[PDB]
Protein chains: 4
Amino acid sequence: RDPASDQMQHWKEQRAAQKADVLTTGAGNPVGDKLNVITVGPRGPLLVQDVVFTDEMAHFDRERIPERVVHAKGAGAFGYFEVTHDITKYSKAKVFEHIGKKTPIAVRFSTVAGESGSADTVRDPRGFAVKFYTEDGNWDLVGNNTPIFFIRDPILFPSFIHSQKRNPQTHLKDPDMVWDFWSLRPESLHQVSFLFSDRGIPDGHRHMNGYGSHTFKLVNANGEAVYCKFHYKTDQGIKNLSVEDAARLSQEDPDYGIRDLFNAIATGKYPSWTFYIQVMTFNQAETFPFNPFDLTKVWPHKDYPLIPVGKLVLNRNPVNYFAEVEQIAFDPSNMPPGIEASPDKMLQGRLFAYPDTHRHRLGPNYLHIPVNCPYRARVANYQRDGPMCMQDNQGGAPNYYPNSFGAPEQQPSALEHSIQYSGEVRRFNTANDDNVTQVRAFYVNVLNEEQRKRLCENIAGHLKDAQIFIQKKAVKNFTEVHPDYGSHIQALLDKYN
Amino acid sequence: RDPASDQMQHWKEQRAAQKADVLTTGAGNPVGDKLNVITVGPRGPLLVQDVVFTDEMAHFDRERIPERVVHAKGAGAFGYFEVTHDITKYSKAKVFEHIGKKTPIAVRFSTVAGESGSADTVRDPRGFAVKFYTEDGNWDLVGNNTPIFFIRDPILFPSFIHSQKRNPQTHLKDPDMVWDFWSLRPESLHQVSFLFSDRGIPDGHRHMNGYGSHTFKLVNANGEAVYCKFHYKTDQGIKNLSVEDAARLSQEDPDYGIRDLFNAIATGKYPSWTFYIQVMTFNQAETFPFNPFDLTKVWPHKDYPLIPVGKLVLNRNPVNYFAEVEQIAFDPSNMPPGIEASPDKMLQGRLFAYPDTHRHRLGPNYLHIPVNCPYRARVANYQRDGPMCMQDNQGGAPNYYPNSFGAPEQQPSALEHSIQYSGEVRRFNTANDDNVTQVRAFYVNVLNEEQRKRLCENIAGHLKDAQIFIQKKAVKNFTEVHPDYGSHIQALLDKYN
Amino acid sequence: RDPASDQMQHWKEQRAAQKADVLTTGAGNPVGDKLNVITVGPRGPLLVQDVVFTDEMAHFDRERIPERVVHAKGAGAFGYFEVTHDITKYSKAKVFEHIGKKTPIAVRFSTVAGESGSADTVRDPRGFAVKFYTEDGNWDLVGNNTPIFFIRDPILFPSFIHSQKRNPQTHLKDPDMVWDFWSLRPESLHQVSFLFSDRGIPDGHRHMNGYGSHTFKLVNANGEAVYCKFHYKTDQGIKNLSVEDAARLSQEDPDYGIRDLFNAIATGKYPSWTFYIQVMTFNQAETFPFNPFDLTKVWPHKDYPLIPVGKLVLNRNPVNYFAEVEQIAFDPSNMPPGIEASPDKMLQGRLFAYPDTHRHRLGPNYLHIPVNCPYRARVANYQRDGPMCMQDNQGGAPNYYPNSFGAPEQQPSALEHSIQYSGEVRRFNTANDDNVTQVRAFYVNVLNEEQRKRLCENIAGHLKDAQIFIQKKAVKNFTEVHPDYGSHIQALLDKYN
Amino acid sequence: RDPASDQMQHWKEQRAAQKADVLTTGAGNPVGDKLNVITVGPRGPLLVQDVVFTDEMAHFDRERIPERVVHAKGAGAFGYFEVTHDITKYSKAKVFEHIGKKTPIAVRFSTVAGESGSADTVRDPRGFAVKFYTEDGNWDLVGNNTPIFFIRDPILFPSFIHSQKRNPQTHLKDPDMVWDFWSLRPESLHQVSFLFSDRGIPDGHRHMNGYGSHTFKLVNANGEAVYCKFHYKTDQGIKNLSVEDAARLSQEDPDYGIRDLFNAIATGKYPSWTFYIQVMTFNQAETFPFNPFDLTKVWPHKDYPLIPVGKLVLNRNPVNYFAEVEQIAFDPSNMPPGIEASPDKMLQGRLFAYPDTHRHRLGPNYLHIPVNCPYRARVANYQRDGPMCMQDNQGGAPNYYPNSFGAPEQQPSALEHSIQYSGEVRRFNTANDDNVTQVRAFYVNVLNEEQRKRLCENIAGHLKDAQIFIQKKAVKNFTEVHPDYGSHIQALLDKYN
Ligand code: HEM
């Protein structure tokens with residue numbers, strides 16, 4: 001059998017010639033017998049004094065923690081990021097100090113709308129989260145398999161998610177909600193085009209590209225700042241599953257990606273992703289035709305070529321899934337000195353949203369979980385006691401700042417980069433911005449004709465379930481993109497009805 | 001479209017001629033605009049003073065509560081239990097006072113091992129939970145679609161569940177774990193025979209029978225006690241899905257049962273289950289050939305015929321799924337006067353396990369959730385303040401007992417029934433009890449030959465993935481049941497290898 | 001006895017001629033006996049099947065929720081705010097529509113550093129929180145008994161609190177921490193002067209003034225905005241306790257304020273506070289000698305006289321303390337249309353800090369607690385399911401925005417007021433701002449000589465326990481305020497040593 | 001100053017010649033500046049992108065965990081238990097293997113009814129909790145400073161506590177509740193006599209005796225079982241504070257015991273308690289005049305002399321109070337092989353109550369907190385993933401039992417001791433048992449006349465606040481104890497009125 005199936009046999013083998021450990025309670029007391037309960041005779045009621053049963057039963061009753069609000073179903077791996085090129089002129093980040101520097105990384109693949117225990121081979125954006133354990137703390141590059149997103153405003157993110165998940169009353173998947181939201185927000189036309197293309201159902205997690213998808217700010221030692229876009233493309237080649245084979249695998253192996261990654265790491269074929277950065281200057285950002293901080297826009301390769309940095313190699317499988325994949329927390333606000341946030345509104349929303357949901361799902365002290373600890377760094381601050389504090393609580397060090405007793409002091413060289421922003425402080429409408437140019441370019445320049453037909457057929461097959469007016473609005477947006485797009489989609493919808 | 005698909009259209013229609021409500025924050029403040037965020041100019045960073053965004057985003061970040069440890073994926077309905085026969089000679093329960101008495105009931109169907117968002121048409125025991133809102137509080141009849149269970153000792157329940165769920169390291173479904181546990185515990189041979197039969201994959205939730213599966217204690221007004229077994233058989237007839245059609249539906253509609261129930265309730269065809277009780281006396285229990293409190297044993301119909309009581313009709317769909325299906329809590333310890341627990345060890349374990357996991361999953365005050373409240377009863381006790389107390393907290397009533405100020409007093413007519421139990425107080429082994437007689441009876445008396453072939457083929461198709469020695473142990477148990485059973489299973493396994 | 005002592009006797013009296021209710025479990029089942037447990041004979045072990053005992057015991061085990069991080073020890077009352085003057089030219093807030101409008105209010109008094117169960121008569125800032133139930137949601141005016149605070153930067157608030165609370169290792173009150181922090185941050189010199197004056201230990205909660213202490217933004221219907229400061233002065237007159245009488249009451253009645261308020265409300269003498277506003281224009285704010293948004297600065301009465309608005313009357317005592325005083329949540333971000341936040345950094349920090357700690361302490365759905373609900377308003381949004389959802393969950397209304405089904409729509413008349421802010425976006429130092437002018441004015445203009453002597457004696461009595469260099473730094477700051485201040489403090493410290 | 005006051009100075013001194021650590025966020029990123037926030041210019045609003053501020057502020061907002069339901073205010077210390085006598089003939093417990101064996105212990109002193117932050121020198125039972133880190137797990141001896149308790153039935157424990165704590169409506173201490181409960185339950189007459197005696201207010205935690213107060217079961221290697229009572233008397237001598245000095249210290253130093261213990265451990269005078277056991281045989285238990293498992297009864301020293309075992313020495317102060325004193329969990333169900341529970345109903349209730357409240361207050365995985373871990377033992381079981389799992393989660397070991405892969409196996413030598421119990425299974429009334437004999441013996445044999453006068457004066461001073469009929473019931477119980485007792489109490493009450 002494949003190495004995934006032989007987990008218990010392997011665990012037994014590498015534990016050969018050793019006697020089985022003593023079965024203990026949570027407090028370390030040896031268990032006399034864990035196959036029968038204390039009763040009043042052979043046919044009597046159970047007793048309270050059976051501490052072993054109630055202990056294990058309560059621990060069983062407290063096994064489930066809340067699943068992630070999005071990206072619940074996922075797989076995990078571990079490896080290293082190795083620097084292969086010198087970008088010190090762009091960023092003073094310790095992760096990019098010198099050539100050959102290897103930084104431990106933890107990676108999680110996920111599906112955005114699937115719940116815990118859903119099918120893996122479904123048409124849905126795949127999330128790629130990387131946690132670098134830099135000497136300057138953890139760096140969480142939490143990207144997607146697509147260089148863009150559906151919306152460009154964080155205030156729309158819950159609603160969008162609510163449309164992608166189940167109906168509030170029937171608890172069923174509703175194409176009506178999906179396409180109503182998508183047709184009322186034309187800024188999705190780009191990502192939908194990426195979603196229903198061939199790369200909407202990648203073949204496993206090793207045959208897909210990764211995209212930080214946000215503009216970031218790289219700061220060098222001399223204090224100059226540039227804008228950046230992190231890419232990391234698969235060295236195993238892009239490979240996608242057909243709709244029919246994906247539908248088959250959904251019932252054959254609903255855990256296709258997890259098994260694929262586990263077997264690829266267990267048979268030695270370590271997957272790898274090569275790391276690139278797109279770089280832009282400030283005057284280039286002020287002269288960009290679109291908003292360079294728009295999440296629905298890309299930077300064309302001809303104007304901004306990819307600059308290699310390093311490669312991402314995943315060589316270790318998780319020992320325990322829950323302790324290392326289900327409990328790992330990725331915070332985009334975790335950026336070491338040299339990397340900073342951009343005026344991208346979506347990145348601004350993510351700076352707040354992630355630690356909040358991490359304190360809800362895992363707990364206030366989730367950064368004490370071994371997978372979330374910056375174990376390759378030194379934590380020292382005035383943050384003190386919380387629920388489930390499993391450290392020294394920083395001992396008897398003073399817990400107020402400033403003090404006069406030699407407690408941790410701020411490092412003035414880690415100051416943020418300053419930029420002057422003008423204009424009034426209010427809510428600026430961005431729904432009426434450009435929504436069709438880059439979509440048209442991707443449609444008539446990147447895709448060939450058979451890929452266009454497959455894209456339109458997928459879109460129509462999904463959209464045929466919505467109401468007639470929602471279909472009309474969606475096809476109107478597609479026609480405003482390009483007449484062939486909406487024309488083919490409308491013809492296929494007419495054939496469906 | 002079916003009524004399930006037209007949820008939003010119907011909600012819009014029954015709200016015709018009404019203007020849309022005002023969009024408010026959680027605290028009721030009107031929202032000026034919820035489509036853009038407050039930035040420093042059109043391309044500026046987001047501000048903290050955007051209270052609307054952070055409010056809705058934090059509420060979105062705290063949307064997921066822990067799923068049920070078992071029976072996560074489920075559907076819900078509501079209706080009434082109507083008494084049609086007089087069993088007052090057996091139980092003084094107010095739910096069974098007089099003919100024609102209608103008691104509101106809330107029902108939840110579920111799959112034992114599937115997580116939230118898994119396939120609905122899978123081979124797995126289906127759980128049927130009923131909550132009666134009796135004037136004497138809530139009565140939770142939490143049964144299965146099978147009259148028995150896999151094990152007979154609650155101390156084995158977590159382990160069993162751990163074997164039925166994903167591998168701890170690979171997070172994959174492991175037939176190795178399943179069949180290792182099943183072959184090391186022969187007391188499963190009965191329920192496995194029920195699981196891999198035709199009724200292992202019922203066609204929706206309306207074409208399956210329900211079984212409290214436990215022995216209960218019925219007490220009359222005069223104080224005499226009898227043993228009972230609650231059945232409730234479907235009036236829509238037993239109907240099951242073929243393995244191929246179930247595998248197809250798993251990828252076609254992973255929410256098959258939810259949609260089926262919702263449509264059946266929305267088109268007027270209210271499903272119904274007829275309620276029966278098997279009754280046994282105390283001397284009959286002491287002269288039973290097996291343990292009458294064994295969960296893996298049934299009471300034969302020839303010796304204990306079914307006695308009709310009433311019928312269960314489900315007529316209302318949930319308004320909101322989460323508030324009424326995902327948050328509903330079923331506690332087998334919720335028994336009104338007249339119904340009591342039995343020396344059945346599994347019922348004893350369930351008496352403790354359920355409120356614990358309810359306080360973990362929902363919260364200490366989960367009985368304040370409207371679906372969990374005994375709204376048709378009067379709650380008055382000395383239980384006081386906890387997290388999320390949404391009542392008057394019983395006002396300024398004295399919170400200690402006994403007192404001298406007219407606080408709630410105990411009702412001496414609700415005392416439990418007394419029974420003397422002899423024998424020493426220790427752990428009694430029940431793994432070596434009878435495990436094959438009733439299994440053989442079900443195999444050679446209830447099933448015909450083609451059903452036997454289908455049973456063996458299903459068992460072999462699932463077992464073929466385990467190791468060779470696990471297959472040998474399983475087939476040895478099946479052969480000890482009956483030679484034809486293990487013989488056919490071993491032949492099919494040899495064909496598979 | 002006083003009405004506070006006769007709570008149970010009164011509850012018994014107003015329940016005369018009524019039989020005691022039935023003692024029930026949490027699920028409404030009648031309890032046969034709650035004075036003995038189920039045992040194996042008279043001297044036997046307890047049984048698991050005793051559901052009543054384990055139910056009440058688990059509810060007892062889940063009685064404590066986390067105390068407030070600050071302002072834990074507190075008292076509560078309820079009443080109405082009555083408008084007596086027309087300020088519609090300043091704010092379009094529905095709470096200030098017309099003369100005679102009565103809005104229900106909930107008020108909580110508290111001590112900032114005392115834990116739950118500490119002495120009430122201690123030298124510490126007293127917090128005054130008011131929750132108005134306006135038709136436009138809840139308005140939380142969460143002020144102090146002092147018009148200023150110790151610091152002016154929210155990033156210093158945890159540290160300050162950490163210095164005011166117990167030592168991290170010894171768990172003792174440490175004057176060393178207090179005075180080290182206060183001497184390293186001279187911007188406290190003002191509030192310390194208010195803290196160690198006569199009004200540092202008010203006589204109960206009815207003899208103290210209330211101060212929102214922040215600059216707010218009042219917006220009229222025509223769109224013009226002004227800056228505001230909310231005052232509300234006691235109609236019972238300012239009255240303070242001597243140090244010796246306060247020390248006596250600390251051991252006599254550690255719940256002095258709670259009892260005082262309860263008795264004053266129960267004997268009919270309803271306390272009242274008269275509401276004033278200080279108003280400032282935008283050019284006045286740009287020509288203010290100090291920072292008008294500095295929390296350590298006041299607006300002089302000669303340049304900005306108080307403008308009466310209404311009065312605050314407290315007429316109802318809480319029925320249950322925990323359900324109405326311990327679970328009430330005050331969010332400064334709860335501002336109806338017409339009231340908005342100011343560039344005051346401390347108000348900006350409070351806009352975020354309070355809902356976070358409310359979701360931690362009470363739960364994600366704390367706005368469903370009856371005391372926290374905007375019951376005089378209509379809640380309608382797309383915020384959905386969370387832990388402990390005790391509502392309809394807004395039924396089957398669509399949960400995404402925008403939609404096409406008549407769900408709640410944004411009210412464009414509730415838009416925020418726009419202001420253009422210039423300058424770069426970075427951290428601006430405000431520790432070196434003016435720290436002694438208003439302190440000197442309060443010292444040599446408001447206080448007389450005996451009050452100055454009492455202030456210096458209190459400061460010295462508290463400071464004498466710190467180290468010598470901390471005393472030197474504190475007295476240096478006091479001398480930089482005014483030579484007499486530091487001179488008297490240093491003389492008293494020399495006398496103490 | 002005393003060593004408690006010089007905590008920060010000492011921390012600075014033992015860290016001399018070392019530069020201050022780098023101030024980091026929770027994720028290890030260096031903080032550029034933690035004294036100012038990011039604003040839009042010098043007088044601009046705060047930004048969301050200020051991750052440092054929101055991080056530390058959220059961690060500050062999640063600082064409070066629920067206080068203990070009882071025994072909230074407490075102090076902690078650490079040391080060793082050294083065996084000095086051979087009791088192997090009584091118990092096979094590894095803690096009592098051989099002479100000179102030193103086992104690490106963690107000790108917590110507490111006050112039963114005081115909340116966190118209340119006065120330490122108050123009349124209230126003092127709790128003494130010891131956690132032994134035996135090679136066979138942790139042993140939690142959780143006793144009091146009194147050999148008995150107020151009640152004898154666990155179903156009365158919440159109510160009692162509710163009477164000892166604040167009124168539900170006024171949130172004030174109510175002598176009415178206290179004495180109503182005490183007069184309605186005469187079985188308190190003994191412990192009340194201990195409570196209002198001289199030892200009701202011990203002088204610190206080093207001048208009080210400790211009592212497990214329960215009957216336990218000692219089992220030897222040969223399988224014979226005896227009944228036991230654990231005593232441990234102070235080697236510093238019994239010393240108590242007068243009522244006036246206690247009232248003074250309540251306002252002088254509300255943390256008297258914490259400071260006393262900290263200074264005694266920091267100046268080298270390590271306190272010590274000598275360990276004794278009272279032993280009883282089974283026939284002696286069946287011939288005892290009272291119930292030997294009654295918690296309100298003692299074993300007379302003449303019939304059951306104390307047998308020395310070892311001594312308890314406390315030599316280490318906690319490094320961080322919260323991580324080692326506030327988060328330490330004591331579970332009476334934690335008993336190593338050789339020590340077992342007794343038919344004492346109160347011990348049966350405590351076997352369940354403590355892990356439940358520990359999972360509520362600390363979390364499901366509270367046994368992973370370093371102070372709660374059995375670090376001197378090996379934990380190996382099938383208990384798996386829960387909220388806040390900070391271990392390997394036992395790696396990829398099989399999580400079901402029984403299995404065929406060498407996972408931890410039960411140790412059949414740790415089986416419990418079997419005893420046959422007769423009689424019916426119901427609730428047996430024990431309120432009408434003997435309540436005055438041992439009380440009379442303590443009154444007229446142990447106390448002298450001046451101690452009797454002080455006892456009566458304390459009882460009257462506390463009881464004078466209750467209603468007249470409650471006073472009559474209390475004095476009636478005291479008179480039924482002995483005529484002089486109730487006579488003096490009634491005379492003092494008449495003088496008070
Ligand atoms: C940066 C500045 C401040 C921050 C971050 C802050 C934070 C907090 C927090 C976390 C609480 C706990 C509330 C709860 O757990 O329910 C609280 C309570 C409170 N604060 Fe502040 N605070 C600040 C300054 C102030 C100011 C300036 C005032 C008054 C002018 C004030 C008055 C109060 C009051 C009265 C309460 C009690 C709330 C209640 O009783 O429900 N605080 N604050």
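To find a chain, count down the sequence lines: A is the first, B the second, and so on, and within it residues start at 1. All ligand and atom numbering here is 1-based and tracks the order in the structure. Excluded from the calculations below are hydrogen atoms, water molecules and symmetry mates; all remaining heavy atoms, backbone and side chain alike, are included.
The pair C:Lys311-C:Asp235 does not meet the salt-bridge criterion, since no charged nitrogen lies less than 4.0 angstrom from a carboxylate oxygen.
The salt bridge (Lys or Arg N to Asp or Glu O under 4.0 Å) pairs that include a residue from residues 140-155 of chain C are C:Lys131-C:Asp140, C:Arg152-C:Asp294, where partners are two or more places apart or lie in different chains.
Aromatic rings of C:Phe149 and C:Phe160 (six-membered ring for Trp) have centroids within the 6.0 Å cut-off, being under it. Residues C:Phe181 and A:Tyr401 keep their aromatic ring centres 6.0 Å or farther apart. Here C:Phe128 and C:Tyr232 bring their ring centres to under 6.0 angstrom of each other. Aromatic pair C:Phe293/C:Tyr227: centroids less than 6.0 angstrom apart.
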Considering only N or O atoms, set out every pair between ligand 1 and the protein closer than 3.5 Å, with distances to one decimal place.
from	atom 1	to	atom 2	distance (Å)
ligand 1	15 (O)	C:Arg361	NE	3.4
ligand 1	16 (O)	C:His358	NE2	3.0
ligand 1	16 (O)	C:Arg361	NE	3.3
ligand 1	16 (O)	C:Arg361	NH2	2.7
ligand 1	20 (N)	C:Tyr354	OH	2.7
ligand 1	22 (N)	C:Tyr354	OH	2.9
ligand 1	40 (O)	C:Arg108	NH1	2.3
ligand 1	41 (O)	C:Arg68	NE	3.2
ligand 1	42 (N)	C:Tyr354	OH	3.0
ligand 1	43 (N)	C:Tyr354	OH	2.6

